[PDB]
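Student: This is the structure I have questions about; it appears just below.
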Amino acid sequence: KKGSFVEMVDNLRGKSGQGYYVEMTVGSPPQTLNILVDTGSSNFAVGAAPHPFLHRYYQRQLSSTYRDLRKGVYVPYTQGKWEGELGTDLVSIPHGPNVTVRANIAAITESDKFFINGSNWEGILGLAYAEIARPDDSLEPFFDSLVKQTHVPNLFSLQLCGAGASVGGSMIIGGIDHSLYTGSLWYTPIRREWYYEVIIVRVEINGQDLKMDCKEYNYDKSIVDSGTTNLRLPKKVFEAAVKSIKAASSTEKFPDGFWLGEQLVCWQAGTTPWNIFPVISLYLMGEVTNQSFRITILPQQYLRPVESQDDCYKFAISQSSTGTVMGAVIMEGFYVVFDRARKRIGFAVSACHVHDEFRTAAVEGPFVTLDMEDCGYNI
Ligand SMILES: CN(C)c1cccc(CNC[C@@H](O)[C@H](Cc2ccccc2)NC(=O)[C@]2(Cc3ccccc3)CN(Cc3ccccc3)C(=O)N2)c1
């Protein structure tokens, strides 16, 4: 089994807070496009018309291999949204498996709050399941095609490395690269195949139990969403967390705006009080009954840095009313294996992740935890 995917390493790029994107080509002859990696969607879409924030776009009238499904679609994201027209064509990935598949594509015609000014990416690649792909579960997701058409194993992995400018990372399609991680890879079930829904069964700031019915952690749902930057937590759990964390940082106090993400804090050139902020652990239902493991992050993960002679940061842990959302603040610390074949997800320490001389992210296990499946939300 190949364990060194030389071609696919460092294949991802990103501009902090604006996401990680890969290079892809569509139409024939090929037209290059910087697509954005998003494990929290299922529509493959691209800028298909001129627009001020787009440096370039896909022109269906220049691809001989083009083809039009004669149907329109649009998708509402948390804040922005786009309206496109569906079709097909040949898609490739210059730094991915040397295959060339036919996928579905929404040519984006009209968009509001979707493209970001100078974000350098022109489209999105929803890597999630068909269950939530507009117009409906019929529009076969791109990764599903890449799979049925070629021989790339049904599974991909992601290494997102933040920074302390220009974030990088690896997207290994169809395999796991042994060099991207250290130690042991722990898996957690994928509750339901719509989003990448997992389950948290215990949370703790600086090793101290938050102590809530593990149902509040998954109130609505919990998902791994690379397409989201912040660690989003339910209403109740968010407050609990900020109080605890707040307690642990008390050496210095910060304006209510900070903990609400409205304001950003700074310190003299590289004199960040890293060691006052606590570590955060999420316990995820393990594979073996009554057995679970935990992933712990650092301030270097949840205090996303922001562009004088100071180092300013934005608190990256925020509230949510749509379940828990393990975004980038989480992921940027691990090597996450989205093993679709076996309905699961692995977590191992990320070999490129930012951490200081004294503390490092981690993944440890096992822990004999009882009544875990009850931590899940039923409706
Ligand atoms: C379609 N569907 C089933 C669905 C509907 C609603 C919610 C979700 C959950 N998935 C969300 C991600 O798929 C989606 C990916 C995206 C990125 C950039 C622009 C537009 C969309 N993220 C957000 O909407 C934002 C929503 C958001 C906007 C502003 C403040 C907080 C959150 C974008 N923002 C920052 C970001 C910008 C650029 C690149 C990467 C991340 C986030 O962290 N999340 C899925």
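Going by PDB author numbering, the letters in the sequence shown line up with residues -6 to -1, 1 to 158, 168 to 310, 315 to 386, in that order.
Idealized CB from N, CA, C, for every residue including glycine.
Going by the beta-carbon positions, is the gap between residue 208 and residue 217 smaller than 8 Å?
Tutor: No, the Cβ-Cβ distance between residue 208 and residue 217 is not below 8 Å.
Student: Looking at C-beta atoms only, is the number of pairs between the segment 42 to 60 and the segment 119 to 128 that lie closer than 8 Å three or more?
Tutor: No: fewer than three Cβ pairs fall under 8 Å.
Student: Helix, strand or coil for residue 109? Go by DSSP, reduced to three states.
Tutor: Correct three-state label for residue 109: coil.
Student: For residue 282 versus residue 267, is the C-beta distance shorter than 8 Å?
Tutor: No, they are not a contact pair.
Student: So does the segment 190 to 199 actually touch the segment 283 to 290, counting three or more Cβ pairs closer than 8 Å?
Tutor: Cβ pair count under 8 Å is three or more, so yes.
Student: Taking three-plus beta-carbon pairs below 8 Å as touching, is the segment 134 to 142 in contact with the segment 103 to 117?
Tutor: Contact between the segment 134 to 142 and the segment 103 to 117 is absent, because fewer than three Cβ pairs lie under 8 Å.
Student: Should the segment 58 to 65 be regarded as contacting the segment 87 to 95, the criterion being three or more beta carbon pairs within less than 8 Å?
Tutor: Contact between the segment 58 to 65 and the segment 87 to 95 is absent, because fewer than three Cβ pairs lie under 8 Å.
Student: Is the Cβ-Cβ distance between residue 227 and residue 206 less than 8 Å?
Tutor: Going by C-beta atoms, residue 227 is not nearer than 8 Å to residue 206.
Student: Name the DSSP beta bridge partners of residue 196, please?
Tutor: Answer is 199, bridged to residue 196.
Student: Please tell me whether residue 13 and residue 230 are closer than 8 Å, where the distance is taken between their beta carbons.
Tutor: Yes; because the gap between Cβ atoms is below 8 Å, this pair is in contact.
Student: I'd like the list of long-range same chain contacts for residue 375, defined as Cβ closer than 7 Å, with 5 residues on each side in sequence excluded.
Tutor: The answer, listed in chain order, is 293 and 294.
Student: Are there any heavy atoms of ligand 1 lying less than 7 Å away from the beta-carbon of residue 266, as far as the coordinates show?
Tutor: Incorrect: residue 266 has no Cβ contact closer than 7 Å to ligand 1.
Student: May I have the straight-line CA-CA distance separating residue 368 from residue 184, to the nearest angstrom?
Tutor: Straight-line Cα distance between these residues: approximately 12 Å.
Student: Which residue from 299, 382, 45 and 344 puts its Cα closest to that of residue 234?
Tutor: With distances taken between Cα atoms, residue 234 lies closest to 299.
Student: Assuming residue 117 contacts residue 40 (C-beta within less than 8 Å), just tell me the rounded distance between them.
Tutor: Rounded, the Cβ-Cβ distance is 3 Å, consistent with contact.
Student: Assuming the contact rule is C-beta atoms closer than 8 Å, residue 172 and residue 6 should be a hit. Round their C-beta distance to whole Å, please.
Tutor: About 4 Å separates the two Cβ atoms, so the contact holds.
Student: Give me the residue from 16, 327 and 8 with the minimum Cα distance to residue 89.
Tutor: Measuring from the Cα of residue 89, the nearest candidate turns out to be 16.
Student: For residue 108, verify whether its CB is less than 7 Å away from any heavy atom of ligand 1.
Tutor: Because some heavy atom of ligand 1 lies under 7 Å away, the Cβ of residue 108 counts as near it: yes.
Student: Nearest to residue 79 by alpha carbon, out of 71, 37 and 284?
Tutor: When each option's Cα is compared against that of residue 79, the closest is 37.
Student: Can you tell me the Cα-Cα spacing of residue 45 and residue 74, whole angstroms?
Tutor: For residue 45 and residue 74, the distance between alpha carbons rounds to 15 Å.
Student: Quick one: grab the DSSP three-state call for residue 215.
Tutor: Coil.
Student: Under the three-state reduction of DSSP, which class applies to residue 148: helix, strand or coil?
Tutor: Note: residue 148 maps to coil in three-state DSSP.
Student: With residue 83 as the anchor, note down where its alpha helix (DSSP H) starts and where it stops.
Tutor: Run containing residue 83: none in the alpha helix (DSSP H); it sits in the beta strand (DSSP E), 75 to 86.
Student: Does the beta-carbon distance from residue 269 to residue 318 come in below 8 Å?
Tutor: Yes, they are a contact pair.
Student: Looking at residue 337 and residue 345, is the spacing between their C-beta atoms short of 8 Å?
Tutor: No.
Student: For a test of the three-state rule: what should DSSP assign to residue 60, helix, strand or coil?
Tutor: The answer is coil: DSSP assigns residue 60 none of H, G, I, E or B.
Student: Which residue marks the beginning of the beta strand (DSSP E) containing residue 305, and which one marks its end?
Tutor: It is not in any beta strand (DSSP E) - residue 305 instead sits in the alpha helix (DSSP H) that spans 302 to 305.
Student: Between the alpha carbons of residue 106 and residue 327, how many angstroms are there, rounded?
Tutor: Rounded to whole angstroms, residue 106 to residue 327 spans 22 Å at the Cα level.
Student: Less than 7 Å between C-beta atoms, sequence neighbours within five positions excluded: which residues of the same chain meet that for residue 312?
Tutor: Within the chain, residue numbering steps from 310 directly to 315, and residue 312 belongs to the interval with no atoms modelled.
Student: Would you kindly report the start and end of the unbroken alpha helix (DSSP H) that includes residue 248?
Tutor: Note, residue 248: alpha helix (DSSP H), 238 to 252.
Student: Sorted by chain position, which residues of the same chain lie with C-beta nearer than 6 Å to residue 347's C-beta, five sequence neighbours on each side aside?
Tutor: Closer than 6 Å at the Cβ level, and outside the excluded window around residue 347, lie 148 and 149.
Student: Residue 19: which of 86, 82, 175 and 54 sits nearest, CA to CA?
Tutor: Comparing Cα positions, the closest option is 86.
Student: What residue does the alpha helix (DSSP H) around residue 142 start on, and which one ends it?
Tutor: Here the alpha helix (DSSP H) through residue 142 covers 136 to 143.
Student: If you measure between the beta carbons of residue 29 and residue 119, is that distance less than 8 Å?
Tutor: Yes; because the gap between Cβ atoms is below 8 Å, this pair is in contact.
Student: How is residue 270 classed by DSSP in three states: helix, strand or coil?
Tutor: Reduced to three states, the DSSP call for residue 270 is strand.
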